[PDB]
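Here's the structure, in structure tokens; my notes come after.
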Number of protein chains: 12
Amino acid sequence: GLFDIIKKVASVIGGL
Amino acid sequence: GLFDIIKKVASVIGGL
Amino acid sequence: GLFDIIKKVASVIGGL
Amino acid sequence: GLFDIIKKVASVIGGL
Amino acid sequence: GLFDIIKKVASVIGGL
Amino acid sequence: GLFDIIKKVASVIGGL
Amino acid sequence: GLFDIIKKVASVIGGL
Amino acid sequence: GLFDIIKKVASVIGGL
Amino acid sequence: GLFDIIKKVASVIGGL
Amino acid sequence: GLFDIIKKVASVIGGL
Amino acid sequence: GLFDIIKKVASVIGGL
Amino acid sequence: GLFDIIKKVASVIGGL
């Protein structure tokens, strides 16, 4: 409605 | 409605 | 709406 | 109504 | 209405 | 109306 | 130490 | 130390 | 140290 | 040691 | 040491 | 050492 704040953090470290 | 805050953290460390 | 702030941080490090 | 003094304040300090 | 004094404030300090 | 004094303030200090 | 997050909201509506 | 995030909101609406 | 993020929002509306 | 294999992951997903 | 394989990841995904 | 395979990653995805 007024604010639609979508914060997505996707941290695939993997590998190593 | 007024604020639709959507915080998603996905942390697939995996690997290792 | 009035503010649609979409902050995506995809951080696939992988490899290594 | 002779004096229809209307005061409205909406302090939508959401987020953070 | 003789005096229809309307004061409206919307302090939508969202985000951050 | 004899005096329709309207004062609307919209301070959408969003973002940051 | 590691994160020192300080959020302060002061909301002196007053007046009115 | 690492992150020193300071978020200050001061909304002195007053007047009105 | 690594990030010193200082976000200040002073919003004195006053008057009206 | 012959094989001093060291793996370290720090995932300081703070903030938000 | 014959093999000193060192893998270090620092994913300091702060802020937002 | 015969094989000092040092791998260092610092992904300081701060701000926003």
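Residues are referred to by chain and number: the chain letter is A, B, ... according to the order shown in the structure tokens, the number counts from 1 in that chain, and ligands are numbered separately from 1 in the order shown.
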
Give one line per residue of chain D that approaches chain I to at most 12 Å, naming the two atoms of the closest pair and their distance in Å to one decimal, counting only C-alpha atoms; sort by chain then ascending residue number and deliver it as a tab-separated table.
residue	atom	partner	partner_atom	distance
D:7	CA	I:16	CA	10.7
D:9	CA	I:13	CA	11.3
D:11	CA	I:11	CA	11.4
D:13	CA	I:9	CA	11.1
D:16	CA	I:7	CA	10.6

File of the preceding selection, C-alpha atoms, as a PDB file, in the first residue's frame:
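Saved as result_31.pdb:
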ATOM      1  CA  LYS D   7      -6.556  19.057  12.905  1.00  0.00           C
ATOM      2  CA  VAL D   9      -1.652  14.341  12.050  1.00  0.00           C
ATOM      3  CA  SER D  11       3.017  10.191  11.858  1.00  0.00           C
ATOM      4  CA  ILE D  13       7.303   6.552  11.027  1.00  0.00           C
ATOM      5  CA  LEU D  16      13.949   1.112   9.969  1.00  0.00           C
TER       6      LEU D  16
END

Expected answer as a ChimeraX atom specification: strand (DSSP E or B) residues in chain G: /G:3,6-10
